[PDB]
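Engineer:
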Amino acid sequence: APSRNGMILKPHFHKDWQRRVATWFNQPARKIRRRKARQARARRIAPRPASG
Amino acid sequence: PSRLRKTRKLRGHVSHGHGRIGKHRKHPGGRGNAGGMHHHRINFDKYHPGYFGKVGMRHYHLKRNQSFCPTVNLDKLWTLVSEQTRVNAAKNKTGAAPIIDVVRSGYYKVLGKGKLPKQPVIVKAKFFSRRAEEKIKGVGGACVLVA
Amino acid sequence: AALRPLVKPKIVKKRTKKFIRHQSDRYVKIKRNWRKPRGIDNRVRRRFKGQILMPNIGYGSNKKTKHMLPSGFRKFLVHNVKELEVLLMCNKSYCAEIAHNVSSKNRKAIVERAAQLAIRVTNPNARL
RNA sequence: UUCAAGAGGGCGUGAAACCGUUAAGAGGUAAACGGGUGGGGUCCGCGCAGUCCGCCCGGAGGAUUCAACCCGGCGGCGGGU
RNA sequence: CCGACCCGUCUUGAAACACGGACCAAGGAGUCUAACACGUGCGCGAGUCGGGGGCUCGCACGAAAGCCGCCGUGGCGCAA
RNA sequence: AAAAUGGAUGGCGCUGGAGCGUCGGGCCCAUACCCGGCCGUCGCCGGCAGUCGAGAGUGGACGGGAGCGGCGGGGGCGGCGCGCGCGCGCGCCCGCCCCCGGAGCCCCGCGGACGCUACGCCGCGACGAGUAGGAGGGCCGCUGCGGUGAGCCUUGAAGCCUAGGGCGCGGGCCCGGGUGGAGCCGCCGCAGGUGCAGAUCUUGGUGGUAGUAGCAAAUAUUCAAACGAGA
Ligand SMILES: [Mg+2]
Ligand SMILES: [Mg+2]
Ligand SMILES: [Mg+2]
Ligand SMILES: [Mg+2]
Ligand SMILES: [Mg+2]
Ligand SMILES: [Mg+2]
Ligand SMILES: [Mg+2]
Ligand SMILES: [Mg+2]
Ligand SMILES: [Mg+2]
Ligand SMILES: [Mg+2]
Ligand SMILES: [Mg+2]
Ligand SMILES: [Mg+2]
Ligand SMILES: [Mg+2]
Ligand SMILES: [Mg+2]
Ligand SMILES: [Mg+2]
Ligand SMILES: [Mg+2]
Ligand SMILES: [Mg+2]
Ligand SMILES: [Mg+2]
Ligand SMILES: [Mg+2]
Ligand SMILES: [Mg+2]
Ligand SMILES: [Mg+2]
Ligand SMILES: [Mg+2]
Ligand SMILES: [Mg+2]
Ligand SMILES: [Mg+2]
Ligand SMILES: [Mg+2]
Ligand SMILES: [Mg+2]
Ligand SMILES: [Mg+2]
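Protein chains in written order, with the entry's author numbering: chain L, 2 to 53; chain a, 2 to 148; chain e, 2 to 129.
(1) So with Cβ pairs under 9 angstroms, would you call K11 (chain L) a contact of chain a?
(2) Express the C-alpha separation of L112 (chain a) and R49 (chain L) in angstroms, rounding to a whole number.
(3) DSSP three-state call for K109 (chain e): helix, strand or coil?
(4) For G61 (chain e), tell me which candidate among e:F20, e:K14, e:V79, e:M55 has the shortest Cα-Cα distance.
(5) Can you tell which of a:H25, a:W79, a:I101, a:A143 has the C-alpha that lies nearest to the C-alpha of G115 (chain a)?
(6) Based on Cα-Cα distance, which residue from a:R32, a:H49, a:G23, a:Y109 lies nearest to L75 (chain a)?
(7) Looking at the unbroken alpha helix (DSSP H) that takes in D46 (chain a), where does it start and where does it end?
(8) Just the Cα atoms here: how many angstroms apart are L11 (chain a) and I58 (chain e)?
(9) Rounded to a whole number of angstroms, what is the C-alpha to C-alpha distance between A91 (chain a) and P29 (chain L)?
(10) Look at the alpha carbon of residue 161 (chain a) and the alpha carbon of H15 (chain L), and state the distance between them as a whole number of angstroms.
(11) What are the boundary residues of the alpha helix (DSSP H) that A43 (chain L) is part of?
(12) Using a C-beta to C-beta distance shorter than 9 angstroms, which residues of chain a count as neighbours of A23 (chain L)?
(13) Is there contact here, the stretch 80-89 of chain e with the stretch 34-41 of chain e, by at least three beta-carbon pairs under 8 angstroms?
(14) With distances taken from each beta carbon to the nearest heavy atom of ligand 5, which residues come in below 7 angstroms, in chain order?
(15) Assuming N6 (chain L) and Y48 (chain a) form a contact by the criterion Cβ under 8 angstroms, report the distance between their Cβ atoms to the nearest whole angstrom.
(16) Determine the burial state of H23 (chain e): buried for a count of at least 16 other Cβ atoms within 10 Å of its Cβ, exposed for fewer.
(17) Name the chain L residues that come within less than 8 angstroms of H49 (chain a), Cβ to Cβ?
(18) What does the alpha-carbon distance come out to for the pair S105 (chain e) and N43 (chain e)?
(19) Straight-line CA distance for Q52 (chain e) to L129 (chain e)?
(20) What does DSSP give as the partner residues of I100 (chain a) in its beta bridges?
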């Protein structure tokens, strides 16, 4: 039921959007895992450039 | 902040702000944008005209990178370069006439909205407009095309 | 003997009783604390004769004497000597009252000093 | 016995409804209620006078340092030729 | 002594021969996200935003804080 | 001109009215009107960071000549105007003409309220019904986080009871006494599973009913002795 002079909108929520939500709470640990992998590779390839 | 709301002020008040003759029942008009032809015809003829129908041709697989032409006017042209340039021109009287690339600073077509001060500038751009080409020659400059 | 305050104007109170809630004489889930009635058929709201009276702002009390004791003094609550010495200069308008949680051995100290500085105490003999 | 059984084996504290007893008071228009007064009890404070306190001036009594003014040191405020 | 019919709710209209209600304690009912419109408050200003990622802290705090040829790939805006 | 429970000028009752009609003086009383006090809101382009007054644009710093006048103008009684100063006083016309680090009583142009938490203090004048509903102020309250009270406490915290003393229009709160046995609160900000009389509400418990209804289908018990506190 609309009213005085707003927008018309079409939101995409008529499915079951709620079993399938995704939290970005593991954002830092994801960063931390990478460094320790990114360091260690460059230690494995010792003098070779780290970038590649 | 719950403590700044108006549910913290309708305690005691029996109906929580929604009447006694008519009540906050579930979905009493429809559910969504239903009824543009039936029993909401008036909101959509009044505040949203052009909604129902169909018009125009169809372009099926449209790529918005082919159609790309960033625009600029003349007033906002001497700001692509620094201040050494515009001042060292009109000076030493050789016919300096500097060069201004627009495709460097992220612009392709040139437009003739404004005016510009009297120095004999040169311009390089892919496209031009009619009036823009005139104003430049009117001040004593030139226009140049590139690929 | 007793410390005289500065002035002692007469005091006048437009109402002396309290305002009880309605239908609290019948029942025990219902209390004496004022809650306003909001029904449609109700007659305290509609103000018939011979019924409960509702509090408005006309019963409001004069401002020269508001929060004023029968002795002319106004009240102030403490917990130690440190916040008592702030009353030295208003020793003829305001009085002191010691909290309920203070120990016996410390009340003696506070009284002993208030008596020096001429700061009246409205409960000088409690625990002993 | 234990500080404590007014902590006694489903024993921390221990509300209300509902009951038993004791103290007071009352009783033929069911009870309860609002405003206004009266009477009686329970407690608070009299004081077993409550005569409240403070400035300056006058009087009679006694008393011991300083200040008034000078000198020495110390500290601070202000100044503008 | 005078006054004075039981509360809630529907209703043009309730003391009702209109429904609910023996009594007490505890629980109990206008929320969270996503998008929009406007009003207010703060900051920068034809510009303004790092939210994704990377450089520094082992993370006691702190899964924070600071920083970036990323410094603008890009989005909203400056032209219909 | 006749109705069904006994029956209503409101009732008792009234006939030189306490009846019917026209009229007088006196009188009674509503939250209305008038006078006053107390509370809140609204309006004053209100007022006060420190000096002038209730009639109509005010103030000094400033040179060459100096007084008896000014202000030689409406039976209008006019903002402008005239006898509470106009040249007063002190030394010797001539001169002085300090003057409030304090004159002298209601304007002091030297700085200031006992008031000045300016989100404050003061003054005037008018108004106040209220459902659904909209807004504001809440030093009304409940649980927890960050800072802060050189906070409270086994010489007794929370909680609970109270013919006790008191405050606020109210929400609610502070003291006093008893019990009890270990933690709790006030201020500035933050946040929320935040305030019940009900919903044939949910869970538990308790009453009147009530020492009541009842312990009635199928023929039937009696006498003595024994164990045993006890039939
Ligand atoms: Mg709208
Ligand atoms: Mg309402
Ligand atoms: Mg509403
Ligand atoms: Mg409703
Ligand atoms: Mg309807
Ligand atoms: Mg009161
Ligand atoms: Mg009604
Ligand atoms: Mg004990
Ligand atoms: Mg115990
Ligand atoms: Mg027990
Ligand atoms: Mg009893
Ligand atoms: Mg209605
Ligand atoms: Mg009907
Ligand atoms: Mg009703
Ligand atoms: Mg009926
Ligand atoms: Mg129904
Ligand atoms: Mg029933
Ligand atoms: Mg509850
Ligand atoms: Mg905005
Ligand atoms: Mg009103
Ligand atoms: Mg313990
Ligand atoms: Mg919570
Ligand atoms: Mg809730
Ligand atoms: Mg309940
Ligand atoms: Mg209710
Ligand atoms: Mg029987
Ligand atoms: Mg039988």
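Every residue gets a Cβ at the ideal spot worked out from N, C-alpha and C, and that includes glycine.
Structural biologist: Taking the structure as given:
(1) Counting from one through the first sequence, the residue named residue 11 (chain L) turns up at place 10. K11 (chain L) counts as touching chain a.
(2) Counting from 1 along the first sequence, the entry for residue 49 (chain L) is found at position 48. Counting from 1 along the second sequence, the entry for residue 112 (chain a) is found at position 111. Spanning the two alpha carbons is a distance of roughly 53 angstroms.
(3) Residue mapping note: residue 109 (chain e) aligns to position 108 of the third sequence, counting from 1. Correct three-state label for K109 (chain e): helix.
(4) Walking along the third sequence from the start, residue 61 (chain e) turns up at place 60. The option with the nearest alpha carbon to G61 (chain e) is e:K14.
(5) Numbered from its first residue, the second sequence carries residue 115 (chain a) at position 114. Checking every option, the nearest Cα to that of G115 (chain a) belongs to a:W79.
(6) In the second sequence, the residue the question calls residue 75 (chain a) occupies position 74. If we check each option's Cα against that of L75 (chain a), a:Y109 comes out closest.
(7) Here the question's residue 46 (chain a) lines up with position 45 in the second sequence. Start and end: 42-47.
(8) Start at 1 with the first residue of the second sequence, and residue 11 (chain a) comes out as number 10. Start at 1 with the first residue of the third sequence, and residue 58 (chain e) comes out as number 57. Going from the Cα of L11 (chain a) to the Cα of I58 (chain e) covers about 22 angstroms.
(9) For the purposes of this step, residue 91 (chain a) is taken as the residue at position 90 of the second sequence. For the purposes of this step, residue 29 (chain L) is taken as the residue at position 28 of the first sequence. Taking the straight line from one Cα to the other gives about 58 angstroms.
(10) Summary: the structure shown does not reach residue 161 (chain a), with chain a confined to residues 2 through 148, and so no result is reported for it.
(11) Position 42 of the first sequence holds residue 43 (chain L). From DSSP, the alpha helix (DSSP H) with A43 (chain L) extends over 28-45.
(12) Here residue 23 (chain L) refers to the residue found at position 22 when the first sequence is read from its first residue. Near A23 (chain L) there are no residues of chain a at all, since even the closest Cβ is about 27 angstroms away, more than 9 angstroms.
(13) no
(14) a:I22, a:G23
(15) For the purposes of this step, residue 6 (chain L) is taken as the residue at position 5 of the first sequence. For the purposes of this step, residue 48 (chain a) is taken as the residue at position 47 of the second sequence. At roughly 5 angstroms, the Cβ-Cβ gap stays under 8 angstroms, so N6 (chain L) and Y48 (chain a) are in contact.
(16) Numbered from its first residue, the third sequence carries residue 23 (chain e) at position 22. The residue is buried, with at least 16 neighbouring Cβ atoms inside 10 Å.
(17) Here residue 49 (chain a) refers to the residue found at position 48 of the second sequence. Under the 8 angstroms cutoff, chain L gives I9.
(18) Stepping through the third sequence from its first residue, residue 105 (chain e) is reached at position 104. Stepping through the third sequence from its first residue, residue 43 (chain e) is reached at position 42. The alpha-carbon atoms of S105 (chain e) and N43 (chain e) are separated by roughly 53 angstroms.
(19) Indexing the third sequence from 1 puts residue 52 (chain e) at position 51. Indexing the third sequence from 1 puts residue 129 (chain e) at position 128. Cα to Cα, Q52 (chain e) sits roughly 48 angstroms from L129 (chain e).
(20) Along the second sequence, one-based indexing puts residue 100 (chain a) at 99. a:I123.
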